[PDB]
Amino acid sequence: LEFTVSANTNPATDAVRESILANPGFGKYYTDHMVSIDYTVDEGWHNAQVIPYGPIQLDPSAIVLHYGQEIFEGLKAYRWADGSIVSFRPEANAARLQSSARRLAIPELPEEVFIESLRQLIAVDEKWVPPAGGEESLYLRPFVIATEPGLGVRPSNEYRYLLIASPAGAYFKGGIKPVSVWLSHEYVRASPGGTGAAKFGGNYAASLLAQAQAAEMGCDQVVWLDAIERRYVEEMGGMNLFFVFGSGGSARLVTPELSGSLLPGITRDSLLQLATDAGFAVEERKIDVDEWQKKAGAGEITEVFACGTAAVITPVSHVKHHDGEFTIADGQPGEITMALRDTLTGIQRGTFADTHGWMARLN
């Protein structure tokens, strides 16, 4: 697929850009350009191009505005010491976007086109990638929306793929700070036969009240329990969870299994591998509130943390739920939690060896 480039004539000044890169926050500012690719049944994906970041046009009856047919992804681009610009496992995101697409009846975007859109945007907006050897990065947000007009309920026949970038600092206010969680007694993030395994906007809109309630109960984030038995721990907001049993090199990690409604996080998959590389025993099984509170209080469960592209790893220190409340260890980020975070971020920044070939060059 051939991309055409229409340069932004009035991009952010070097001063404004530098200012942003110094204090970017998350998903607040956007680069000067974006990638756009159209889709029609007859031409498939076409009219791929790099254009200036700006307002999009949609018919009032566009399917995405009524029946929420949309999906998204989230990955990062990093600037290395040698001046190269790389991304962490972009092939995985390409593949998951196709998985989310299938579950939502949206045409798949070829992985080579996905990866190419990334290279094209960085080619024009490389100066928006943060300096090497830092916590900052450039968040890439690939997404697809149904654009065909018509109020009839059915899969759209026209779509638009968009790629925008946003300098990223720290998703959670604090970063090196553990969060408290409220286990939702009233809400579920998904159920068997649902869209829990797809990175689909609908999933997030549905969770807003549950998060609001977590905050009203005096907690930072909501944690999801299975929709069937209302007993098994799944995720924290839109992040996977890990439980650390014991400590030192003999410690073991437990994380909820991919039941079918759980979203297969790439950070999760990576951490399981890194844990094994380190020598820790890992296990993907079901774990319920009862065992959690019991072993945490007992001291067997020494740490708990959430993981995801945006925050990478976030320590969990306190738990509150319909039938109890307890703290994890001393309420501070655990040894293992931080050891794994330093290793993962180290690989992403080019500091540590990438033995699994996870880093790919974008430039």
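Note that residue numbering follows the sequence shown and begins at 1.
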query: Per the entry, higher mean C-alpha B factor between 183-191 and 90-98; finding: 183-191
query: 69-77 or 110-118, whichever carries the higher mean Cα B-factor; finding: 110-118
query: Highest recorded Cα temperature factor - choice among 41, 307, 328, 35; finding: 41
query: Largest Cα B-factor, entry values, listed residues 252, 141, 268, 199; finding: 252
query: Position of residue 21 among the chain's modelled residues by C-alpha B-factor, lowest, middle or highest third; finding: highest
query: Residue 312 CA temperature factor, ranked by third within the chain; finding: lowest
query: Residue 12 CA temperature factor, ranked by third within the chain; finding: highest
query: Third of chain Cα B-factors occupied by residue 60; finding: lowest
query: B-factor third for the C-alpha atom of residue 126 within its chain; finding: highest
